[PDB]
Amino acid sequence: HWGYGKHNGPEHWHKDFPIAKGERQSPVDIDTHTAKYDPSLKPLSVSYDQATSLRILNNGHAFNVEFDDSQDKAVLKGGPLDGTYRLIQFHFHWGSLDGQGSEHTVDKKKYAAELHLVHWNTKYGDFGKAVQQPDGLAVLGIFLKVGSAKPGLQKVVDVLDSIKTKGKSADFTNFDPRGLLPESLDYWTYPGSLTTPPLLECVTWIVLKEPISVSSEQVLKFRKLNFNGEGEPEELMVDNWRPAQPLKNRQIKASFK
Ligand SMILES: NS(=O)(=O)c1nnc(NC(=O)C2CCCCC2)s1
Ligand SMILES: [Zn+2]
């Protein structure tokens with residue numbers, strides 16, 4: 001089964017998921033000088049005030065904070081998006097060292113981690129139908145750098161001990177994802193894919209320019225998670241990031257000059 005090890009990592013995924021070599025794969029390097037400001041891009045509308053988190057799950061590749069997406073409670077609109085996209089979950093990708101961990105890069109710079117807030121286009125009814133559509137998902141990507149702690153992240157950090165191993169979940173209600181956002185909503189956007197199998201080319205990527213800062217202690221707690229299930233040989237959940245993929249016939253657009 002696919003993962004991030006030497007024998008099942010990103011360079012192997014194409015064998016089970018041939019789209020891995022597709023025309024709109026993610027992540028990508030964001031070459032800031034080649035991205036073009038698009039003045040027709042609208043400001044992002046992040047409406048998370050009514051978000052209902054429910055659970056946090058170690059799925060063996062990352063941990064997902066899941067939300068009630070059965071109503072328009074936490075939605076992403078505007079920016080490059082047509083219509084309304086409902087928040088279904090967020091998760092992170094991170095490194096074994098502070099110098100790596102993000103999936104997108106900025107002028108080849110890797111951040112320590114990257115947060116993905118995953119939303120699906122409500123015109124398709126359910127996430128499973130949305131992923132079959134070229135405009136099915138909008139993933140808001142936020143870089144993490146190591147510095148000062150992110151207070152809004154601590155509630156996540158502190159529950160990780162209860163979901164150390166693959167398949168463990170914990171109740172995780174009343175978490176406010178607004179606490180994970182940076183100050184600015186300036187962004188780059190491009191059409192891409194899920195960065196994990198099945199690698200479907202269904203994502204409008206919206207990557208914020210401003211990283212959030214998290215503390216070394218916070219990211220250290222990410223790195224204590226396990227890819228393995230309980231009672232299996234311990235493999236630390238680190239370096240669960242896919243590297244940048246070829247941009248091919250795509251233009252990255254910037255919301256800002
Ligand atoms: N790294 S990423 O591009 O943001 C993503 N790659 N696979 C993603 N799958 C999901 O969100 C779901 C998974 C399981 C059930 C519902 C939704 S999200
Ligand atoms: Zn992700």
# chains A, B, ... in the order shown; residues from 1 in each chain; ligands from 1
call {"tool": "residues_around", "arguments": {"residues": "range 186-199 of chain A", "least_positions_apart": "6", "cutoff": "9 Å", "atoms": "only C-alpha atoms", "output": "NGL selection string"}}
result
:A and (2-3 or 10 or 13 or 16-20 or 23-28 or 30 or 32 or 35 or 37 or 43-44 or 79-80 or 103 or 131 or 134-135 or 137 or 139 or 205-210 or 241-242 or 250-256)
call {"tool": "write_last_selection", "arguments": {"atoms": "N, CA and C atoms", "output": "compact mmCIF listing (two decimals), in the first residue's frame"}}
result
# COMPACT_ATOMS: atom_id res chain seq x y z
N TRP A 2 0.35 2.33 -0.59
CA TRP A 2 1.14 3.53 -0.78
C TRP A 2 1.45 4.20 0.55
N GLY A 3 2.59 4.88 0.59
CA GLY A 3 2.93 5.67 1.75
C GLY A 3 4.04 6.65 1.44
N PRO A 10 6.29 8.51 -2.85
CA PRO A 10 5.75 9.20 -4.04
C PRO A 10 6.27 8.70 -5.37
N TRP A 13 4.02 5.80 -6.57
CA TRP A 13 2.57 5.89 -6.61
C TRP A 13 2.01 5.67 -8.01
N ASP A 16 0.25 2.23 -9.06
CA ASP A 16 -1.15 1.99 -8.79
C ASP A 16 -2.05 3.13 -9.20
N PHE A 17 -1.51 4.33 -9.36
CA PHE A 17 -2.30 5.53 -9.65
C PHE A 17 -1.62 6.24 -10.81
N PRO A 18 -1.85 5.76 -12.04
CA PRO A 18 -1.13 6.33 -13.20
C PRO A 18 -1.33 7.82 -13.36
N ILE A 19 -2.42 8.38 -12.84
CA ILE A 19 -2.62 9.82 -12.92
C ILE A 19 -1.50 10.57 -12.22
N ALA A 20 -0.69 9.88 -11.41
CA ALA A 20 0.44 10.52 -10.75
C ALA A 20 1.33 11.24 -11.74
N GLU A 23 -1.47 15.62 -16.06
CA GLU A 23 -1.27 16.96 -16.59
C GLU A 23 -1.54 18.05 -15.57
N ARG A 24 -2.18 17.75 -14.45
CA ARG A 24 -2.45 18.78 -13.45
C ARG A 24 -2.21 18.24 -12.04
N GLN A 25 -1.01 17.73 -11.81
CA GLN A 25 -0.67 17.14 -10.53
C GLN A 25 -0.18 18.19 -9.55
N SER A 26 -0.41 17.91 -8.28
CA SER A 26 0.01 18.74 -7.17
C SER A 26 0.85 17.95 -6.19
N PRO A 27 1.69 18.61 -5.40
CA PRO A 27 1.88 20.06 -5.36
C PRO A 27 2.79 20.51 -6.48
N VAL A 28 3.09 21.80 -6.51
CA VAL A 28 3.99 22.38 -7.48
C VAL A 28 4.85 23.39 -6.76
N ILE A 30 5.88 27.11 -6.58
CA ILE A 30 5.30 28.40 -6.91
C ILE A 30 6.46 29.33 -7.19
N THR A 32 7.47 32.67 -7.72
CA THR A 32 6.77 33.91 -7.42
C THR A 32 6.94 34.96 -8.50
N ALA A 35 4.46 33.73 -11.42
CA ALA A 35 3.04 33.85 -11.13
C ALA A 35 2.61 35.24 -11.54
N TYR A 37 -0.13 38.37 -11.38
CA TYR A 37 -1.24 38.98 -10.69
C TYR A 37 -2.45 38.98 -11.61
N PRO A 43 -11.35 38.67 -3.62
CA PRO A 43 -10.85 38.27 -2.31
C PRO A 43 -11.47 36.93 -1.93
N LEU A 44 -10.68 36.13 -1.22
CA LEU A 44 -11.20 34.90 -0.65
C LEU A 44 -12.25 35.24 0.40
N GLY A 79 -12.56 34.31 -4.32
CA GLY A 79 -11.29 34.03 -4.95
C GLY A 79 -11.49 33.57 -6.38
N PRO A 80 -10.84 32.46 -6.75
CA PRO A 80 -11.03 31.91 -8.09
C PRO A 80 -12.26 31.04 -8.21
N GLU A 103 4.43 20.67 0.96
CA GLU A 103 4.24 20.06 -0.34
C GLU A 103 4.47 21.10 -1.44
N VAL A 131 -15.02 14.73 -6.09
CA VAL A 131 -13.66 14.39 -6.51
C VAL A 131 -13.59 13.86 -7.93
N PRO A 134 -13.58 18.24 -12.31
CA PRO A 134 -12.39 19.09 -12.37
C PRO A 134 -12.44 20.27 -11.44
N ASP A 135 -13.63 20.71 -11.05
CA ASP A 135 -13.79 21.79 -10.09
C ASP A 135 -14.48 21.28 -8.84
N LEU A 137 -13.13 20.23 -5.82
CA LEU A 137 -12.56 20.55 -4.52
C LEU A 137 -11.86 21.89 -4.58
N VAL A 139 -8.81 23.33 -2.10
CA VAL A 139 -7.97 23.11 -0.94
C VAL A 139 -7.24 24.41 -0.65
N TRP A 205 -6.44 24.75 -6.21
CA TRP A 205 -5.54 25.04 -5.11
C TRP A 205 -5.52 26.53 -4.84
N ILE A 206 -5.60 26.89 -3.57
CA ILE A 206 -5.51 28.27 -3.13
C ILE A 206 -4.48 28.23 -2.02
N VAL A 207 -3.29 28.75 -2.30
CA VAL A 207 -2.16 28.67 -1.38
C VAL A 207 -1.90 30.07 -0.86
N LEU A 208 -2.01 30.24 0.45
CA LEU A 208 -1.82 31.56 1.03
C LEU A 208 -0.35 31.94 1.02
N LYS A 209 -0.10 33.21 0.73
CA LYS A 209 1.27 33.70 0.70
C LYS A 209 1.87 33.78 2.10
N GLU A 210 1.07 34.12 3.10
CA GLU A 210 1.62 34.34 4.43
C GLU A 210 1.62 33.04 5.22
N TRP A 241 4.95 14.20 2.93
CA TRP A 241 4.72 15.20 1.90
C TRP A 241 5.12 14.63 0.55
N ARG A 242 4.36 14.98 -0.47
CA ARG A 242 4.72 14.70 -1.85
C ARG A 242 5.55 15.85 -2.38
N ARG A 250 0.19 24.90 -17.12
CA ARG A 250 -0.56 25.63 -16.12
C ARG A 250 0.12 26.94 -15.79
N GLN A 251 -0.71 27.92 -15.44
CA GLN A 251 -0.25 29.21 -14.96
C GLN A 251 -0.74 29.36 -13.53
N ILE A 252 0.15 29.77 -12.66
CA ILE A 252 -0.21 30.11 -11.30
C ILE A 252 -0.55 31.59 -11.28
N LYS A 253 -1.69 31.91 -10.69
CA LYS A 253 -2.18 33.28 -10.62
C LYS A 253 -2.06 33.76 -9.19
N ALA A 254 -1.72 35.03 -9.03
CA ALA A 254 -1.60 35.66 -7.73
C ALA A 254 -2.73 36.64 -7.54
N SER A 255 -3.27 36.67 -6.32
CA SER A 255 -4.33 37.60 -5.98
C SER A 255 -3.79 38.98 -5.64
N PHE A 256 -2.48 39.14 -5.62
CA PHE A 256 -1.83 40.32 -5.06
C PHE A 256 -0.68 40.74 -5.96
call {"tool": "residues_around", "arguments": {"residues": "range 49-57 of chain A", "least_positions_apart": "3", "cutoff": "6 Å", "atoms": "only C-alpha atoms", "output": "list in words"}}
result
residues 63, 64, 65, 66, 67, 68, 73, 74, 168, 169, 170, 171, 172, 173, 174 and 175 of chain A
call {"tool": "residues_near_ligand", "arguments": {"ligand": "ligand 2", "cutoff": "7 Å", "atoms": "only C-alpha atoms and all ligand atoms", "output": "NGL selection string"}}
result
:A and (91-93 or 115-116 or 195)
call {"tool": "select_by_dssp", "arguments": {"residues": "range 6-254 of chain A", "states": "alpha helix (DSSP H)", "output": "JSON, numbers by chain"}}
result
{"A": [127, 128, 129, 130, 154, 155, 156, 157, 158, 159, 216, 217, 218, 219, 220, 221, 222]}
call {"tool": "closest_residue", "arguments": {"among": "A:218, A:85, A:159, A:234", "to": "residue 130 in chain A", "atoms": "only C-alpha atoms"}}
result
A:85
call {"tool": "atom_distance", "arguments": {"atom1": "CA of residue 181 in chain A", "atom2": "CA of residue 142 in chain A"}}
result
7.6 Å
